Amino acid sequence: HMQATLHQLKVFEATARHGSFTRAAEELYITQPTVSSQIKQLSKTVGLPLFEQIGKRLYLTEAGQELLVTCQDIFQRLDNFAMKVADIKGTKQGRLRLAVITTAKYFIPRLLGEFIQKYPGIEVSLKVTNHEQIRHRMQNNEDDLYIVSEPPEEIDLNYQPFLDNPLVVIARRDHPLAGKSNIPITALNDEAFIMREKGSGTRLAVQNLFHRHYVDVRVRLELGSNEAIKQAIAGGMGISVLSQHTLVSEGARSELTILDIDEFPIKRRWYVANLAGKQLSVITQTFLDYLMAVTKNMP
């Protein structure tokens, strides 16, 4: 019974609705003898008579009544799918999956929550993790878009930069250098310093810049957590270098401050990426556009 055609079902259902081959033909802009043979073929496939002529009309047999609701269910299901596809296309349904490097937690979720108010039907997933996780997900095509800091050479990606990630010297509001301008980088000599964990991107960049300019800091502490570091600074433990976006909620009157040391900010970027040769969904390309938009004139 898979040998039946959709077209033969479409003829059958019309022929049952109306009571005649001819009325059906007129609806389906085909010929009455095409309808009759289509029905004979379909009855041969089913194995039973579908119709009985009584007076001027074709009435359904038991097997025909069953096939009618079978046809109605099937056509219902296709319509339903057609509705899905239409909602997808007009960004009123669908799924957006983002995997994002850790440092981007300070903007991405907020952007993403703005975007959903503007497209409520969308369902979202956000994964916030490290470079190794992200590489794995990329290898398995798990998300629509990936936001990273350093696009992995060994994976075919389509990407571009969209937002600068300055690393800046952060201090407590009462530090001597606070408010001072054009401060030479040698001024960091002998300063209590809170270092990020070994093997961190941030650590490595901070150390490289410090080796280049002969600066020797007193490492008071080593932590793995930017929040922890901000807190340690507040507590007087020292200064550090962190991504400026860690300062997003800080206002006019803050316990923290940026120092204005020369050779800073250490300049780094965030990229958007998708796998090379990927079919970008409607909402993905929509989101991509909205992203580049809101982060172009973003301080």
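Position 1 is the first residue in the sequence shown; the rest follow in order.
Enquirer: As stated in the PDB record, which stretch has the larger average Cα B-factor, 27-35 or 52-60?
Expert: Comparing 27-35 with 52-60, the higher mean C-alpha B-factor belongs to 27-35.
Enquirer: Averaging the C-alpha B factors as listed in the entry, name the stretch that ends up higher: 237-245 or 259-267.
Expert: Of 259-267 and 237-245, the stretch with the higher C-alpha B-factor average is 259-267.
Enquirer: Which one of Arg97, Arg137, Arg218, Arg196 shows the biggest C-alpha B-factor in the PDB entry?
Expert: Top of the list by C-alpha B-factor: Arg218.
Enquirer: Quick one: which of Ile74, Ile229, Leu204, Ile108 shows the highest Cα temperature factor in the PDB entry?
Expert: Answer for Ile74, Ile229, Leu204, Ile108: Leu204, with the highest C-alpha B-factor.
Enquirer: Where does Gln65 sit by CA temperature factor within its chain: lowest, middle or highest third?
Expert: Middle third - that is where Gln65 ends up once the chain's C-alpha B-factors are sorted.
Enquirer: How does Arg172 rank on Cα B-factor within its chain, lowest, middle or highest third?
Expert: Answer is lowest: the recorded C-alpha B-factor places it there.
Enquirer: Comparing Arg17 with the other modelled residues of its chain, is its CA B-factor in the lowest, middle or highest third?
Expert: Ranked within chain, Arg17 CA B lands in the lowest tercile.
Enquirer: Considering every modelled residue of the chain and its Cα B-factor in the PDB entry, is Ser43 in the lowest, middle or highest third?
Expert: Middle third.
Enquirer: Should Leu188 be placed in the lowest, middle or highest third of its chain by the C-alpha B factor in the entry?
Expert: For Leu188, whose C-alpha B-factor we compare with every modelled residue in the chain, the answer is the highest third.
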